[PDB]
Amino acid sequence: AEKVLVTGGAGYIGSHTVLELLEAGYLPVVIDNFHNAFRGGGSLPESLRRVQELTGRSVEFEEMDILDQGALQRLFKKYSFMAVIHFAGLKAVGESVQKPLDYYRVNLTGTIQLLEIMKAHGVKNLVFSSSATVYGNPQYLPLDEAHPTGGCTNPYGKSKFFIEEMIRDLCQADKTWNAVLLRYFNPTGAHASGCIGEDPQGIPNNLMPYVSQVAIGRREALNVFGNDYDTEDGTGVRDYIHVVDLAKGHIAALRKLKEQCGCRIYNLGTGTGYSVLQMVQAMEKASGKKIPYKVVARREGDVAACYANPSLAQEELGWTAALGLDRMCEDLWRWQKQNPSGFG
């Protein structure tokens, strides 16, 4: 019985991916330090306790920090892993500008320690959950895997790019390593049960949490940062992927490892961007509520449009996103109605 290690598996994308692993016939072991996840009333995170109910299957779980070398060494002795899916990290773009050293420590030192322990136990199969912010500001659209990387505008994006480079160098040095790097933008929606979803976040990377709070009556109006961009309706165009489609993409990457693929890089996305006004309109339709907005000045450094081309993932992973904007909103709204303050 070889297992799949999911780091950061209590969090938003991780919990959905643990569910998809169980549905695809894998045996998951999760590690998390609860930096940004909710504890349940027993040993499991609440997200994972609910995953067990949804699937009828067990999730093994260890509370630990990826920065703890001794804890990681013990973990790889206790369990026999075939692969690792790596989500443990800090990910709030706005926070990374204020506290860059925390981002570099957790993301870079954590990942380096993970890679070293993997090597030491002969586990040379990795899915790395990257960010399409590694492309920097678009030079052409949609962004494909040939687009320049490294022009990054904030410490979070830099940390993701640096990790990618370290993995590419590892794979150059040892051709027996297989690693899939997945680049995407903004996860939204929730499992269709409504029982798991994104918990309330301190510093969101996208507008949908704010929109969801306006719709339930906890904020007055969405601030729209600029309506004079070179876009169809003047508001910013951004890339949103349903978290369930994203989680399935991570399973497709895991399967690709078995082909002895070496180092591969794929974008995940729907292939179409959505404006601020489109997102507002879709949530109004899903929720049946009015969502007031106020146009304010642009945020310094924002671009008109940014979205990814997912064509390579279709060709080489056999993967497409099936769930569109209306479904993202419907599934988000269901999670909010059933869990207005998240797991708490």
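When you see a residue number, it is the position in the sequence shown, counting from 1.
Not even a third of the other compared entries skip residue 292; each one keeps it along with the residues on either side. Per the records, residue 56 is modelled in every other compared entry, just as the shown structure includes it, so no third of them leave it out. Comparing 212 to 220 with 254 to 262, the higher mean C-alpha B-factor in the PDB entry belongs to 212 to 220. The stretch 287 to 295 shows the higher mean C-alpha B-factor when 22 to 30 is compared against 287 to 295 in the entry. For the set 142, 94, 197, 269, the PDB entry puts the maximum C-alpha B factor at 94.
You'll see in the entry that, of 309, 69, 275, 36, the Cα B factor peaks at 69. Residue 234: CA B factor in the highest third of modelled residues in this chain (values from the PDB entry). In the PDB entry, a CA B factor belonging to the lowest third of its chain's modelled residues is recorded for residue 328. The entry lists a Cα temperature factor for residue 315 that places it in the highest third of the chain's modelled residues.
When the CA B factors of the chain's modelled residues are split into thirds, the value for residue 151 lands in the highest one.
Split the chain's modelled residues into thirds by C-alpha temperature factor. Residue 79 is in the highest one.
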